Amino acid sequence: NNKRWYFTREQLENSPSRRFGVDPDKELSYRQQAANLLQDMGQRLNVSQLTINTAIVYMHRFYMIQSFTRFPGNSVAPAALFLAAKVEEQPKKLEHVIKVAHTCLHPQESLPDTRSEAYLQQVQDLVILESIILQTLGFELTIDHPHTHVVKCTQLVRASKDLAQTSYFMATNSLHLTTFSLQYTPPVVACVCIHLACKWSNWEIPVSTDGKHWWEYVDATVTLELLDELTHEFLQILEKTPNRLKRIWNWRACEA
């Protein structure tokens, strides 16, 4: 999906920011961070999770071709979130996602204005950034974040209120932490996010009718061994990110 956005490490560390003067150590902090206002400055205009992830790849992949060394990242979200929030059924205005920005961005600075010198180059650059983004993202409109199946595997397999309830949450975090966006397809990235529930509670969901593994539904190539490796990797960003890690450090304190 579509196998153009998924390349080996050849283009992982080859990213514009991974060679245009930004140490790899300074990328999963740049992404996340700017991906933290997405889930907040976005999580405001009743933005569905739908609208939050679309813009979570509308930055990851956008900066995939672009750079931070010449683009307002924190103020690029309006760009990723202009097409994102607009693409999804509930689009918005030129200010709605740019006024609260001043909230989330400038939590102290004075009020903004439509007449003020501000709101001009904001509705200049940002308004034009929309031009500057789609064309790198080939004008596409197809993005199925690894969820739809995770939200589809629950029932038919008959999960519970603590495993399937734990399912929603692993996909998202893989959108605000790991680079599985432009490396692993949404399905394969689902068996892992579903895996971190039973790889937690040890709820090894029994085989299928004919001794078939549950990770064969979200994809036909999802293998245990590889899948094992893909969740462990998730134990890489969580292991050190001292911000959200503590969230899941205790967020599992209220299902049972």
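In this text, residue numbers run from 1 along the sequence as written.
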**Study point:** Residue stretch of maximal mean CA temperature factor, 2-10 vs 247-255
**Key:** 247-255
Revision key, fill the gap. Top Cα B-factor in this entry, restricted to 28, 38, 196, 47, sits on 196
Study note, to complete from the structure: Entry record, C-alpha B-factors for 116, 121, 135, 155; the maximum is at 155
Practice item. Name the third of the chain's ranked CA B-factors that contains residue 147, choosing lowest, middle or highest. Key: middle
Revision key, fill the gap. Binned into thirds over the chain's modelled residues, the C-alpha B-factor of residue 106 lands in the middle
Point to revise | Chain-wide C-alpha B factor ranking for residue 129, given as lowest, middle or highest third | key: middle
Review point. Which third of the chain holds residue 219 when residues are ordered by C-alpha B factor: lowest, middle or highest?
Key: lowest
Check your understanding: Looking at the C-alpha B-factor of residue 55, is it in the lowest, middle or highest third of its chain?
Key -> lowest
